[PDB]
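So the structure is just underneath, and the comments pick up after that.
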Ligand SMILES: [Zn+2]
Ligand SMILES: [Zn+2]
Ligand SMILES: [Zn+2]
């Protein structure tokens, strides 16, 4: 009804009815949003619509104030008053308003339904309130676009990891990634009951769930979304250089367990909010864990953008942090239940943004910052309030699911508010001791993107081979089939069966789908796999398009392996750049 | 009598057949089934006599457990009048997503939640049937 | 006329703004009363054993 403006933060009672989020607009702001857009519906304590019976006009500049209600020209009384006057729509606080000359950003956010990268660019290069409004508009249009997908009406239940599933005709196929988890709710005899949340992924759909369930007749799974509440808290408060190490309690005993992280902790203790630019596996999973032990005097709160990515966090947290004094609140999908519920007052808290109550802390760490959006940052800052925020990662990771983005992919420095200051003014802190990846990968990434800030771990065995295949591009639904790659797989596996002890990594599971006819292994997606990796890796890119497999996709996807990784450089990008072995067919 | 029992519709008919066997007018133990206001008055007159037999704990709001946001509620989905007999609500939602204002007002005005959330009251100062504190 | 129709329009606008303020305050009171009643119901249901 009444609230602060988006452009001025001034109290107003005008909301754009044609805006999907309906933000509060000042009188001058409402006038600006009305004249320069087709948004002719403006909302108040009463809708600005012609209340005369038998009329259907829903304009604002054509609407006139008649009596106690609103009318158009065709129905206005002789005593009439134009709603659009003095460059401001008639509303509450018509004399206490300042306006703003920056109106094109709001119109671009509202008019454009998030079709290209420039919308996100202008959303990130603005103030906090406009950015939050853009984030919630993006979430609303994301929900609208997600609700326009197919509905899985299960006609038969065949077995596990495979279903006899069919759908309607015309409705499109859900995407490959896990960003489209189904959380539908079916009815059996009288009303709705519990179903559960699962992330169905394409391997007749394979489910990446650790539990079992038997479906029934008439049960359907829908892309259930939520209602985006208004976002109040900003992403981050402005930084300020402290004179001393305050806000965290200095203890006389220091930890010598991580000698190369004491300086990093000292530098974090001087900055309000900080983020360290490191490749995946550069102490990313345990930096905050070692921080919680270096200074066991700060309320450390762990949070992630995915509920299935918390297993990597909990894998070593129980070995490093105590298990008895740590607990997880169970809401009334597979996590530990041996912890103690309703532990409001605890030094270490593990929870998710979906059901995070109001609390306070001193140090908050947000791992996997790439897949979190400005709306996610606002939610994190509103659920948990602290004077310090720590971000682990870098913009050069897997980007957020920009599903509505049709044109070129967004630049890394425009993903979030953190990515803005992470790449424009310069990384606040950097890691120079990366003893996790060998000379090959570390040298490649240092020469490629990481400002030659990474040094060789050990010698390069140079055991990786790349064959020169060409292949043909042919799309059927969303993938491609390459018989020559089937040939090279055998020509590589012929030497020894011991090569197979590896984790199959592929953004698109078409290879697994083809192989399932003879092998049938369950399918898992690499979206949430950081912190756990094997020595050998099986890599099949199978793609060359910049729409998804762009330049900032492989430089961090090759860093997972320790010493053994498939380095098939079928793309004509880095073939004549490194010195590996290659041979022709004898 | 059973404490949970509130209907007594069969008992009222048995009383009517025992004491007014040849009363040549149809008697409705529940006044929901009456024809007009005159029949409502006629059957309520018999219900007045017949309610002096049944326990006073079986009259008042008829409550049942309903769920809102999956959380159980105790609301009156009916009433057992000493004169009007057993009356059941027609728009009763055993489950609901949320209540905006009207159902919230009804359940707030409903003595069901307050009586269920109050301490048992035995007020010996008055002979009136105490409910809860 | 400029001091009779325009002055009347100004009075009508002031009256409409006053009615809008009263309606906004009524909606705020409705929200507060709704929250209070909902919290009362939810805090008395928890004592039901
Ligand atoms: Zn709008
Ligand atoms: Zn404004
Ligand atoms: Zn009209």
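Couple of notes before you dig in:
- Between region A:133-169 and region A:436-451, the alpha-carbon center distance in angstrom: 40 Å
- Burial ranking of peptide ranges B:118-127, A:503-512 (average Cβ count within 10 Å, highest at the top): A:503-512, B:118-127
- Neighbour-count order for A:415, A:287, fewest beta carbons within 10 angstrom listed first: A:287, A:415
- Between residue C:18 and residue A:337, the distance separating the two model label sites (each 7 Å from Cα on the Cα→Cβ line) works out to 6.3 nm.
- Ordering A:69, A:159, A:80, A:13 by the number of other Cβ atoms within 10 Å of each residue's own Cβ, fewest first, gives A:159, A:69, A:80, A:13.
- Between the helical axis of C:5-45 and the longest alpha-carbon principal axis of chain C there is an angle of about 0 degrees.
- Length gained on full extension, residue A:362 to residue A:514, computed as 0.36 nm times the residue gap minus the Cα-Cα distance: 49.7 nm.
- Relative to the dominant Cα principal axis of chain B, helix B:37-51 is inclined by about 90°.
- Modelled label positions at residue A:125 and residue A:534, each set 7 Å beyond Cα in the direction of Cβ, lie 4.6 nm from each other.
- Protection proxy ranking of A:422-435, A:488-501 - average other beta-carbon atoms within 10 Å, highest first: A:422-435, A:488-501
- At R0 = 30 Å, FRET efficiency that the Cβ-Cβ distance of residue B:53 and residue C:48 yields, to 0.05: 0.45
- Counting only other chain Cβ atoms within 10 Å of each residue's Cβ, the peptide C:31-39 averages 3.
- Taking a ≥ b ≥ c as the square roots of the eigenvalues of the Cα gyration tensor, region A:41-168 is oblate, since a/c reaches 1.5 or more and a/b is not larger than b/c.
- Relative to the longest principal axis of the Cα atoms of chain B, helix B:9-19 runs at roughly 20 degrees.
- Three-way shape label, region A:5-110, alpha-carbon gyration tensor, a/c 1.5: prolate
- Look at the alpha carbon pairs under 8 Å that are at least 6 residues apart: their mean separation over the length of chain B gives a relative contact order of 21 percent.
- Shape category assigned to region A:437-586 from the gyration tensor of Cα positions, a/c cut at 1.5: rounded
- Relative contact order for region B:41-90: 37 percent, from Cα pairs under 8 Å spaced at least 6 residues apart, divided by residue count.
- Inter-part distance, region A:267-340 to region B:47-62, computed on C-alpha centroids, equals 63 Å.
- Extending 7 Å from Cα along the Cβ direction at residue A:36 and again at residue B:38 yields two label points whose distance is 7.7 nm.
- In terms of surrounding Cβ atoms within a 10 Å radius of their Cβ, A:411, A:240, A:334 rank from fewest to most as A:240, A:334, A:411.
Values quoted throughout were computed directly from the atomic coordinates according to the rules given, and no laboratory measurement underlies them. Note: ideal-geometry Cβ built from the backbone for every residue, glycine included; neighbour counts use all protein chains shown.
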